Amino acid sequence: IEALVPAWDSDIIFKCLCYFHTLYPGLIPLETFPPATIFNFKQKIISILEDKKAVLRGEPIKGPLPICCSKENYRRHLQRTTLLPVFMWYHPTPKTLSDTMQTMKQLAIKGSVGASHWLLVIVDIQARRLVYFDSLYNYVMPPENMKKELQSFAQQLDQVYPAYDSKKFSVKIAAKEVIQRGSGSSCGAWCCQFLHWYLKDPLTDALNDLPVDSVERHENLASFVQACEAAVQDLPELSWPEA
C-alpha cells in the first residue's frame, strides 16, 4: 500500500527551485546536474561561496559556471543570494564520484530510482546555519556522525565566508525520525517540501506536525507536488529566473 507520489528527478527539482526563487529571491536556484554528492558537496559549496565573494568584490567568477544561466544573470544571483539549496544525489553502492555519476546515468536510462536517494543541504548564509535533511533519517550515516562532519565543515565555512561579527555557522540535523515511511521514490519531493517550509518559517519544526500514518503523510506530499507541478508549467525551459 503506497500513496501515489511522483518521483522527482534532477530536472523537476531544478524547475521547483526556479519557482521557489521567484517567491524567495534570496534562494539561488542551483542546478541539479551534475549533482552534488557525498564526495564533493562541501567543495561545491565552498566554490559557490568563493564566487559570491568575488562578485561582491567586482572580480571575475572562478566557477564552475551554470549550464542554463548567462554569465551576467549568474552574477546577479550571486550578488543577491542568501541561501544555497544543495541537492545531493546518493546511492549506497558507488564508492567514488565517477562511479556515482555512472550509476545515476544507468538508472536514468532505465527510468528507475532503485536504491538512489536525494539529500538536502541548506546553506543559510544570512542566518549562518547548515541544515541537513534526510527523509530517511540515517540512510547515509547515523545523524550524530553527519552532525560531526558538518560541525567540522561549519568551522571551515567560518574561514571561507567570515562574518564581521565573527558569528559561527551552526548545524542542524532536521529529521528526528524516518520521514519517508512506507514510500520508495518520494525523496526529491520531500526535500523540496522541507525546503519550502524552511523558506516560509525556518524555526517551526514542520516535520513534527506530520500525520503519523504513512499514507496520509504522503498524500499530503502528493498535494504539494500537484501544486508545484502546476506552478512550474510555464517557466522558461532550461533557464534560470532573471535576477
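Sequential numbering from 1, following the sequence displayed.
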- Tell me which of 123-131 and 156-164 has the higher mean C-alpha B-factor in the deposited entry. 156-164
- On average, which has the higher Cα B-factor in the deposited entry, 17-25 or 222-230? 222-230
- In this crystal structure's PDB entry, the residue among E31, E59, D205, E177 with the greatest CA B factor is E59
- Whose CA atom has the top B-factor in the entry, of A189, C68, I46, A36? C68
- Task: Classify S116 as lowest, middle or highest third according to the C-alpha B-factor given in the PDB entry, relative to its own chain.
- Result: lowest
- Task: Please place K105 in the lowest, middle or highest third of its chain by C-alpha B factor as given in the entry.
- Result: lowest
- Message: Split into thirds by Cα B-factor across the chain's modelled residues, where does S98 land: lowest, middle or highest?
- Response: middle
- Task: Sorting the chain's modelled residues by C-alpha B-factor, tell me whether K148 ends up in the lowest, middle or highest third.
- Result: middle
- Query: Lowest, middle or highest third: where is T82 by Cα B-factor in its chain?
  - Reply: middle
